[PDB]
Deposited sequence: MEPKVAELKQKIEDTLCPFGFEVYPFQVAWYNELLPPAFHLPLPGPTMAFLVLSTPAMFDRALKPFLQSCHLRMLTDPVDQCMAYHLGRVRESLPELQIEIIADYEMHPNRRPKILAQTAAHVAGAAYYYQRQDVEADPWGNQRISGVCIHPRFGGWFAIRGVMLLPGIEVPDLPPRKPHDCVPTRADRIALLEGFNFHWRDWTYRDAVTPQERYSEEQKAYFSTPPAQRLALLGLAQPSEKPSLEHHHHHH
């Protein structure tokens, strides 16, 4: 890949990864090819995009700091504000270019562009999106179900038509475990054993578990 592309890629990861984030590059075309024009990313096929995932490490590295800093505001939501703070830091560190950013909290009805978080996770090779054919759940090769899709970043004009398509790891290969997953997700979602389909390195700590099991109310 062009030195420009390699540098900008590394700048993003040096900005996000030390804070419990992961970034996966992809071509817009891969996402659009299995989607009708209505749900397309309104950009040429070879346009570079980045899928952003948060890991279990992001709570302690990103959320607990910030929450104890002057950047914290009131009438929003602590977790959203943290996303908007770190994704802002990406903009700051790459001031030369145009970055269209859709954070997870902006993936809702009556807003464009319409992102399908789990489909993005699959095309970027970030996490395998297990469906009926194989409601679906997608599993991280390293963290199982203990992670979240946090945003997608679009970089207009920066095109990478020779970026190689990486398929997500089929980390739950057997037809048994797949059903043991989908039915443990569709019917017993409060039993987070399904997230251990692949047994993670880090798991959510007790304070993290408590925090996310809380219904958003201050």
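*Asks:* Note down, first to last, the deposited-sequence stretches for which the model contains no C-alpha atom.
*Replies:* Unobserved in coordinates, per deposited numbering: 135-145, 230-252.
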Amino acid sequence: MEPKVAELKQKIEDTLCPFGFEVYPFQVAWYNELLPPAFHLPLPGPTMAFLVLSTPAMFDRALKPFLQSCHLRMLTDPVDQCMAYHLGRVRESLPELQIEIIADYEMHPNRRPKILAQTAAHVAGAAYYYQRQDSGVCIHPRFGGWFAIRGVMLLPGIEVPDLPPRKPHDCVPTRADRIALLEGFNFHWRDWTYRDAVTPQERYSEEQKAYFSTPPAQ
From here on, numbers count along this sequence of modelled residues.
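*Asks:* Could you check which stretch, 109-117 or 72-80, carries the larger mean CA temperature factor in the entry?
*Replies:* Between 72-80 and 109-117, it is 72-80 that shows the higher mean C-alpha B-factor.
*Asks:* Tell me which stretch has the larger mean Cα B-factor in this entry, 147-155 or 182-190.
*Replies:* According to the PDB entry, the answer is 182-190.
*Asks:* Thinking about Cα B factors across the chain, which third does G45 belong to?
*Replies:* Lowest third.
*Asks:* Determine, from the deposited record, the chain-internal third of the Cα B-factor for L67: lowest, middle or highest.
*Replies:* As the PDB entry reports it, the C-alpha B-factor of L67 lands in the highest third of its chain.
*Asks:* When the modelled residues of the chain are sorted by Cα temperature factor, does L53 land in the lowest, middle or highest third?
*Replies:* Bottom third by C-alpha B-factor.
*Asks:* Considering only modelled residues of the same chain, in which third does the CA B-factor of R132 rank: lowest, middle or highest?
*Replies:* Highest third of the chain for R132's C-alpha B-factor.
*Asks:* Classify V28 as lowest, middle or highest third according to the C-alpha B-factor given in the PDB entry, relative to its own chain.
*Replies:* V28: CA B-factor falls in the lowest third of its chain.
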